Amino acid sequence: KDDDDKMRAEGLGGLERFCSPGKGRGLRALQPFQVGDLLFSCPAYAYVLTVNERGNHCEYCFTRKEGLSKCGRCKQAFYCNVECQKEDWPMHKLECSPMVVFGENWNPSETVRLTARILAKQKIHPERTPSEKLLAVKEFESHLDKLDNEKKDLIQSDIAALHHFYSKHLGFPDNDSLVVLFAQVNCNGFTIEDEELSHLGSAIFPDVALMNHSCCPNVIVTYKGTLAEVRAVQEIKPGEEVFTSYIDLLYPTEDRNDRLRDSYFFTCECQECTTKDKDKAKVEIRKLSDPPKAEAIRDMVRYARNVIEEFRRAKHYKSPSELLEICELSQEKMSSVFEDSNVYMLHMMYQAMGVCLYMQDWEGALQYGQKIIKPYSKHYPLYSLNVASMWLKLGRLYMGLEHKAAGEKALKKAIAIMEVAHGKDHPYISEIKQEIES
């Protein structure tokens, strides 16, 4: 049977497009799907490898490897072999000669980069692609009438950078069209991360962007090279709408919704946002002899929201040693009122694990991830990729310090989850099983 189901997935069989009352257009099933089933795949309509990963990944197929070959002309684009080089040429052409001309003045933002490739795919290929079997880039929603003279000013920067760096092999539409398009990208664009959650690049998957949002989703989006796959994490029955999450589901219901309104212009009405069952445990209060009063909680919460924004902006400025102090002390304050499973505590613990890893303090980074994992399993849903990568980190750290048994446990915990989300076939599942076997 295995042959037929790959074909069905590739063609989006057993699914359809419809109008979701109160959510524009959307996607629903016309057959049952069990937990771990592949629904559909969607090859990338446009993509770009992030600048800081050149030399580690091939630009065309995203394979991670050593001994890639360098572009003879510009020396700033790498490939598996000559086949991958030829296939990337229609796109790489947009930057090759310019990178040589501008030297080190060449710094277009990743948003500009990806939009240039969209424009170039439209001259070459005006008609409907295999990425667009149910929704087309042309049809993408913009939220143009909801924007303001902060946002609209930000786009006009990108429009200028596009004209400045790309005029040579693109001809541009009128300003009105470019503003709409840059808004469409924001509403429909995807990021790609690796198994440790480092940024790799950006891309457009049109069929994938038909699906609407829920904080208790029933599918999950994973990557295989530049290809997107979609697998179920709850049982789905005929006539039922198919939902992803668009955001990190760790945080409480207020925090989630500020983000959704800001980036996507809507308010979620799902069961977790209605009942708010998990909010109380995400903001778990210390149980002291004289237990903390109500105003003393509103204090530590607003302090915590701000020490996250301070740290966000401090990543571009400061020393590693100074950032690790900012985490230590911010935890040290919060621990009087908040328990160790409070998500605002867990936030700073994660950032501190990041700082310890760049410093190669592997024992120091290990007891952060030890305190993280059990709370992460409680707050997140079943089959969460966030939970899976943290196990993965623990597995690797344990084995770096020669403690085989606890490392093998943590690696199998990660594989258990990945089987459901990435499928049993996945290249990652092999790569981890070779860490086991040595």
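We number the residues from 1 along the sequence you see.
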| query | finding |
| --- | --- |
| Between the two ranges 75 to 83 and 296 to 304, the one averaging a larger CA B factor in the entry | 296 to 304 |
| Average Cα temperature factor in the PDB entry - higher stretch of 314 to 322, 246 to 254 | 314 to 322 |
| Deposited CA B-factor, highest of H125, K287, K224, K93 | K287 |
| Residue with maximal Cα B-factor (values as given in the PDB entry) among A406, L385, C58, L392 | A406 |
| Third of the chain's Cα B-factor distribution that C19 belongs to, per the entry | highest |
| B-factor third for the C-alpha atom of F172 within its chain | middle |
| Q360 - Cα temperature factor, lowest/middle/highest third of chain | highest |
| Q156 CA temperature factor, ranked by third within the chain | middle |
| CA B-factor ranking of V337, expressed as a third of its chain | highest |
